[PDB]
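Protein sequences appear in the order of chains A and A'. A prime marks a further copy of an entry chain. Numbered per PDB author numbering, the first sequence spans residues 299 to 339, 348 to 716. Numbered per PDB author numbering, the second sequence spans residues 299 to 339, 348 to 716.
Number of protein chains: 2
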Amino acid sequence: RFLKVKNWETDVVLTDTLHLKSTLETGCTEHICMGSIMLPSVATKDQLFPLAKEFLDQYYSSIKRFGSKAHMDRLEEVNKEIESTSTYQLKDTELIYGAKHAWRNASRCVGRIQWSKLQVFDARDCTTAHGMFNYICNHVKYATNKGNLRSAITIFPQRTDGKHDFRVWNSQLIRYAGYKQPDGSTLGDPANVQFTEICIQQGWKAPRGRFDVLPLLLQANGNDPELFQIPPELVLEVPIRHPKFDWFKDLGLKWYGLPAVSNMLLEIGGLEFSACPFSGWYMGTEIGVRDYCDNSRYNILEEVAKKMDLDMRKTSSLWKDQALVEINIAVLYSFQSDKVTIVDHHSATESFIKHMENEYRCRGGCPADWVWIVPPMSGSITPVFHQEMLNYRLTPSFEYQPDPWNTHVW
Amino acid sequence: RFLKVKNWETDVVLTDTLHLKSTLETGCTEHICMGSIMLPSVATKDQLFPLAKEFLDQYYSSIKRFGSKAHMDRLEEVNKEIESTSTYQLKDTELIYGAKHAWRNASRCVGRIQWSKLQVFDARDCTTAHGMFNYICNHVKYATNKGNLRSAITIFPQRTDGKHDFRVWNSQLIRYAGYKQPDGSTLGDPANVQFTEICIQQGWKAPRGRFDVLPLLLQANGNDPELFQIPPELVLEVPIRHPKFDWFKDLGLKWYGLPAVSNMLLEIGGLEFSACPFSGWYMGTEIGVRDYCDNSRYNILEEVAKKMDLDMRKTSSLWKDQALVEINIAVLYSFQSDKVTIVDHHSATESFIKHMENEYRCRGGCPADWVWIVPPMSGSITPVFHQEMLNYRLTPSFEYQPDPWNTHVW
Ligand code: HEM
Ligand code: HEM
Ligand SMILES: N=C(Nc1cccc(CNCCc2ccc(-c3ccccc3)cc2CN)c1)c1cccs1
Ligand SMILES: N=C(Nc1cccc(CNCCc2ccc(-c3ccccc3)cc2CN)c1)c1cccs1
Ligand SMILES: C[C@H](O)[C@H](O)[C@H]1CNc2nc(N)[nH]c(=O)c2N1
Ligand SMILES: C[C@H](O)[C@H](O)[C@H]1CNc2nc(N)[nH]c(=O)c2N1
Ligand SMILES: [Zn+2]
Numbered sequence: 299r300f301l302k303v304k305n306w307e308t309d310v311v312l313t314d315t316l317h318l319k320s321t322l323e324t325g326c327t328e329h330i331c332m333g334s335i336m337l338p339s348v349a350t351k352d353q354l355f356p357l358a359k360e361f362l363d364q365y366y367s368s369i370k371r372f373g374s375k376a377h378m379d380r381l382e383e384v385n386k387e388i389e390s391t392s393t394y395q396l397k398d399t400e401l402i403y404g405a406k407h408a409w410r411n412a413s414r415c416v417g418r419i420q421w422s423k424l425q426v427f428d429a430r431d432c433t434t435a436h437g438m439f440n441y442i443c444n445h446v447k448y449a450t451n452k453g454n455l456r457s458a459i460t461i462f463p464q465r466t467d468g469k470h471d472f473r474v475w476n477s478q479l480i481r482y483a484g485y486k487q488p489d490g491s492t493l494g495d496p497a498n499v500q501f502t503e504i505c506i507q508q509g510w511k512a513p514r515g516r517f518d519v520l521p522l523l524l525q526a527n528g529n530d531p532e533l534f535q536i537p538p539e540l541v542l543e544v545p546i547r548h549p550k551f552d553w554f555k556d557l558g559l560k561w562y563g564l565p566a567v568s569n570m571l572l573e574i575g576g577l578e579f580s581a582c583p584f585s586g587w588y589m590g591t592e593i594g595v596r597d598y599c600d601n602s603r604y605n606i607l608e609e610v611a612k613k614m615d616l617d618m619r620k621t622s623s624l625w626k627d628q629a630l631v632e633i634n635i636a637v638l639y640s641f642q643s644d645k646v647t648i649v650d651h652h653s654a655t656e657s658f659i660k661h662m663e664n665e666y667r668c669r670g671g672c673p674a675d676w677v678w679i680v681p682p683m684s685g686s687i688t689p690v691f692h693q694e695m696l697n698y699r700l701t702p703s704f705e706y707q708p709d710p711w712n713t714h715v716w
Numbered sequence: 299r300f301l302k303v304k305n306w307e308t309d310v311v312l313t314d315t316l317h318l319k320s321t322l323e324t325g326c327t328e329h330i331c332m333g334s335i336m337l338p339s348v349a350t351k352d353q354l355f356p357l358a359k360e361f362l363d364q365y366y367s368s369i370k371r372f373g374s375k376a377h378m379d380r381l382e383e384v385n386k387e388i389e390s391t392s393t394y395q396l397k398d399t400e401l402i403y404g405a406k407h408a409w410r411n412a413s414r415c416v417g418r419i420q421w422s423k424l425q426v427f428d429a430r431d432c433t434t435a436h437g438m439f440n441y442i443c444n445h446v447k448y449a450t451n452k453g454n455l456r457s458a459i460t461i462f463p464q465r466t467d468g469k470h471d472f473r474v475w476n477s478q479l480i481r482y483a484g485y486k487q488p489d490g491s492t493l494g495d496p497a498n499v500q501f502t503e504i505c506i507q508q509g510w511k512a513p514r515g516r517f518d519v520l521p522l523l524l525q526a527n528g529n530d531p532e533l534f535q536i537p538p539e540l541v542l543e544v545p546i547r548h549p550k551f552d553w554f555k556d557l558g559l560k561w562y563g564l565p566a567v568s569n570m571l572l573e574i575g576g577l578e579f580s581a582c583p584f585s586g587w588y589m590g591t592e593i594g595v596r597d598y599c600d601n602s603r604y605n606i607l608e609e610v611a612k613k614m615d616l617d618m619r620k621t622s623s624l625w626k627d628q629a630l631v632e633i634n635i636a637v638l639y640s641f642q643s644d645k646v647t648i649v650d651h652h653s654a655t656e657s658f659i660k661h662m663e664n665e666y667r668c669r670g671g672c673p674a675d676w677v678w679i680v681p682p683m684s685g686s687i688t689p690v691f692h693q694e695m696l697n698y699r700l701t702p703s704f705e706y707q708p709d710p711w712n713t714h715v716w
């Protein structure tokens with residue numbers, strides 16, 4: 299009931315009591331661990355007030371006013387508001403608190419040392435896709451900050467009956483298109499080929515190239531979604547060069563500076579925000595390892611190893627590993643030389659350990675998903691590899707949700 | 299009750315029903331996943355026959371004679387033998403079956419495609435530490451096979467009352483010593499500094515250098531353990547050179563060819579074999595990444611990056627990643643050029659996926675520990691990174707056990 303986590307590189311032991319406040323379930327049981335399963339698995351008023359009370363208790367605790375009169379009146383105000391409408395509305399303060407803590411609770415996020423430096427854009431007054439576009443543009447502009455990236459979240463109206471959901475159909479605000487070729491191969495990003503076609507179906511005119519920034523597909527109040535093109539001046543892009551290899555330019559790679567997830571669901575006090583695009587900055591490996599080198603993504607290890615003139619006959623020459631490291635030095639160098647915020651996996655993972663120590667100290671724990679926290683290369687030469695982590699579900703939280711096209715009464 | 303695991307690089311889905319035969323518990327609950335905890339947590351006759359029956363049922367099932375007369379008579383023979391002595395003895399056939407399946411069930415072992423090619427040395431007639439030494443030497447000689455390594459396990463008498471355990475006090479049959487220096491630094495292997503001292507306490511005369519192969523500390527029938535020096539001619543060693551960098555020789559690194567774990571407990575049919583050294587061959591990264599580059603092991607990344615003349619000022623130059631890849635090419639090249647069996651993490655992890663497909667097909671599943679199966683470098687450019695795995699505990703099994711010195715009535 300007071301669980302211990304050890305770091306096997308420092309012999310440091312932290313004690314977790316925060317997992318006692320855990321509410322949702324993990325997918326694991328006493329007899330099966332599902333910690334490597336990628337995805338593990348309308349509301350009513352009878353369930354809502356417990357969720358609202360729990361959240362309001364932690365909100366008022368966090369401002370040194372747990373159990374005060376203002377707390378009780380808010381509790382009663384929300385209870386009575388749930389009585390009337392079978393839902394309720396968060397204060398601006400509660401909304402900002404909840405969003406920050408959904409990030410704080412994201413066990414898969416190695417970047418949480420920054421969790422309290424989060425800029426919350428309240429878009430709950432939005433009514434139309436055009437409003438969404440506007441709000442999203444201002445998010446991109448603010449978050450990008452001329453390369454001095456700033457963490458931000460934009461929060462559209464909460465789910466009501468379910469058939470009036472706000473949704474951003476893009477998986478990220480900024481992603482590159484993906485088209486299948488006549489010869490079956492893929493140009494651009496294979497991950498987005500279905501979404502790229504959905505935009506063509508709703509009317510996108512595609513410049514069938516590699517790094518074509520997709521338009522936005524914005525659904526407002528459950529209506530059919532609508533296409534919008536982010537102004538190109540708002541899309542900061544980094545050309546990828548290597549500090550040593552000059553042919554690396556000829557590779558002609560570029561990536562966007564702003565990672566901004568837009569397909570997740572923000573849960574606060576039992577309220578569901580189905581459209582809550584949030585952005586930070588990149589860890590290098592997301593681009594250099596996963597985006598560029600996943601076999602189902604840009605899959606460039608072939609080309610880079612060629613230009614390096616590596617022994618590609620044998621798997622055991624580690625030509626793949628050697629090219630992988632060169633690519634990630636190139637992503638980092640290119641972003642830093644452009645003053646565009648980025649963090650290498652060593653800096654990021656060290657900060658997460660430090661963040662973990664803070665959370666165990668001032669909060670009694672830190673939910674953490676080792677499978678996701680350990681970078682996709684150089685695992686054990688980063689300190690998180692050696693860090694036991696307890697994974698558990700705390701709320702407020704970011705949740706996955708079905709893709710909108712699979713569910714939307716169209 | 300019929301769980302699905304997906305590979306997110308191939309879109310391949312396998313169905314696991316084998317987890318239903320799972321017996322022991324994982325450490326995880328519905329509310330907390332402990333999949334990154336490194337260690338998760348005398349017998350009686352009233353518990354033994356269930357364990358014996360379960361095992362004998364699976365043994366006789368596996369030879370197409372489940373429920374036959376020979377099965378029932380063995381079941382009755384073992385029941386009556388447990389009645390008399392409150393324990394029982396395995397047939398040679400059952401012992402070999404159990405050991406192979408303890409390996410087959412080792413969810414942390416990426417090497418299980420080989421699980422049925424296991425050479426079982428029955429040492430249950432051993433009575434003394436000298437017998438153990440002899441048996442262990444023959445294991446080393448056979449397994450090493452002039453570099454054409456062969457998987458083997460040597461199985462000493464099962465635990466009886468508990469105070470007559472056979473134990474190999476070494477964590478591996480072959481490991482390098484570790485001594486702390488006058489200036490506090492460590493020479494050799496920091497992992498073994500406590501064990502190295504224990505040998506000095508029991509009488510080892512140490513050649514205080516780096517790669518000094520430790521003696522054996524063998525405990526027989528619960529008596530005090532005794533030191534033995536493996537004949538050096540039996541300890542195959544590989545000098546580490548690089549196919550490109552000639553200074554890599556000046557690094558003066560060498561490792562032993564035979565990885566042979568000796569501190570684990572083999573559980574078969576509820577019987578406990580506390581001394582069961584088993585050996586295979588190395589995956590390159592065990593040496594090149596963990597042994598050489600863990601900060602708490604040989605910690606050589608410093609030196610290698612120096613000789614490579616790498617930018618070590620910035621963490622973000624990835625000098626560590628770049629030196630790490632060079633080291634692992636050197637370990638692989640050096641072993642292969644010496645015809646000493648080794649497998650690179652690409653070959654090994656590909657074979658494990660293939661092994662997984664076999665087990666789901668012909669067995670309904672394959673227990674697998676993603677945290678341990680994914681190599682410590684180049685994670686996502688190997689196929690296991692993308693492979694959902696269910697972890698669960700099947701028996702026969704290899705279990706951790708306390709270090710003998712912490713428990714032994716001395
Ligand atoms: C500020 C810099 C940030 C960094 C360096 C960072 C880093 C990361 C990385 C590398 C991942 C793994 C993503 C993947 O592999 O696909 C991740 C996951 C995640 N991040 Fe962060 N992040 C940052 C900011 C944020 C912010 C501002 C939020 C929310 C407000 C957030 C919420 C999450 C969530 C919910 C996940 C889990 C995604 C999933 O399960 O698919 N992060 N983070
Ligand atoms: C034949 C070649 C083999 C290869 C390439 C291989 C590979 C590996 C590797 C890389 C690990 C992780 C070890 C670590 O990181 O410390 C491991 C773990 C393990 N292996 Fe294998 N192995 C082989 C043979 C065997 C054999 C013959 C057995 C038993 C008869 C075995 C049983 C185990 C067990 C029980 C573990 C888990 C150890 C733990 O939890 O600490 N392996 N294997
Ligand atoms: N720095 C960042 N990064 C980051 C953070 C959170 C989440 C993500 C993206 N998380 C997506 C992982 C994912 C999800 C689904 C599928 C998938 C779904 C259906 C079919 C096939 C694949 C594949 C992947 C990645 N392979 C990136 C930030 C972006 C915004 C703030 S921080
Ligand atoms: N190819 C091989 N390899 C392999 C396979 C199985 C197990 C192992 C060694 N598994 C040890 C992992 C471990 C355990 C304990 C501690 C530890 C304990 C107390 C204090 C500090 C550390 C540290 C580590 C590694 N960091 C290697 C083979 C050897 C034999 C057959 S196959
Ligand atoms: C099967 C496995 O869960 C899947 O590949 C996970 C592994 N860890 C990951 N970790 C991060 N950060 N991002 C990912 O997409 C994944 N993928
Ligand atoms: C904390 C964490 O569980 C620990 O570092 C694990 C991670 N995965 C591992 N995987 C292997 N193969 N060997 C290890 O020693 C470890 N260490
Ligand atoms: Zn688990």
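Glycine residues also receive a C-beta, built at the ideal position from the N, C-alpha and C atoms.
Cα separation between residue i and residue j?
{"i": "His661/A", "j": "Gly333/A", "result": "22 Å"}
{"i": "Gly484/A'", "j": "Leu522/A'", "result": "15 Å"}
{"i": "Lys560/A'", "j": "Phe517/A'", "result": "8 Å"}
{"i": "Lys626/A'", "j": "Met618/A'", "result": "8 Å"}
{"i": "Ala636/A", "j": "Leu542/A'", "result": "41 Å"}
{"i": "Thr350/A'", "j": "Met378/A'", "result": "23 Å"}
Only counting the same chain, and skipping five residues up and downstream in sequence, which positions put a Cβ closer than 6 Å to that of residue i?
{"i": "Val646/A'", "result": "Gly453, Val544 and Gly563"}
{"i": "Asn527/A'", "result": "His470"}
{"i": "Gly594/A'", "result": "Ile633, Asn634 and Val637"}
Give the single residue among the options whose Cα lies nearest to the Cα of residue i.
{"i": "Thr621/A", "options": "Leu577/A', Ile687/A' and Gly558/A'", "result": "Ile687/A'"}
{"i": "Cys415/A", "options": "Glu694/A, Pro673/A, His692/A and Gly685/A", "result": "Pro673/A"}
{"i": "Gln525/A'", "options": "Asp556/A', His407/A' and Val474/A'", "result": "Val474/A'"}
{"i": "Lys613/A", "options": "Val519/A, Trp553/A, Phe584/A and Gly590/A", "result": "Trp553/A"}
{"i": "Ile536/A", "options": "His445/A, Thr391/A and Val715/A", "result": "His445/A"}
{"i": "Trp409/A", "options": "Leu401/A, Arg418/A and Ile402/A", "result": "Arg418/A"}
{"i": "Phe300/A", "options": "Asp309/A, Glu387/A and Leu316/A", "result": "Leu316/A"}
Please return the same chain residues whose Cβ sits closer than 7 Å to the Cβ of residue i, not counting the five positions on each side in sequence.
{"i": "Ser640/A", "result": "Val544, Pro545, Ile546 and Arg547"}
{"i": "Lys302/A'", "result": "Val311 and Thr313"}
{"i": "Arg596/A", "result": "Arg603 and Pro682"}
Verify whether the separation of the beta carbon atoms of residue i and residue j is less than 8 Å.
{"i": "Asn411/A'", "j": "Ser657/A'", "result": "no"}
{"i": "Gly576/A'", "j": "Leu354/A'", "result": "yes"}
{"i": "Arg699/A", "j": "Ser339/A", "result": "no"}
{"i": "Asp471/A'", "j": "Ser367/A'", "result": "no"}
{"i": "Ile442/A'", "j": "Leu479/A'", "result": "yes"}
{"i": "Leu401/A'", "j": "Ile574/A'", "result": "yes"}
{"i": "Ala358/A'", "j": "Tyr394/A'", "result": "yes"}
Are there 16 or more other CB atoms within 10 angstroms of the CB of residue i, so buried, or fewer, so exposed?
{"i": "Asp650/A'", "result": "buried"}
{"i": "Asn476/A'", "result": "buried"}
{"i": "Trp306/A'", "result": "exposed"}
{"i": "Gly509/A'", "result": "exposed"}
{"i": "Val348/A'", "result": "exposed"}
Who are the Cβ neighbours of residue i in its own chain at under 8 Å, not counting the five residues just before and after it?
{"i": "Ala458/A", "result": "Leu424, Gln425, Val426, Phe427, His445, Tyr448, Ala449, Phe584 and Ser585"}
{"i": "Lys370/A", "result": "none"}
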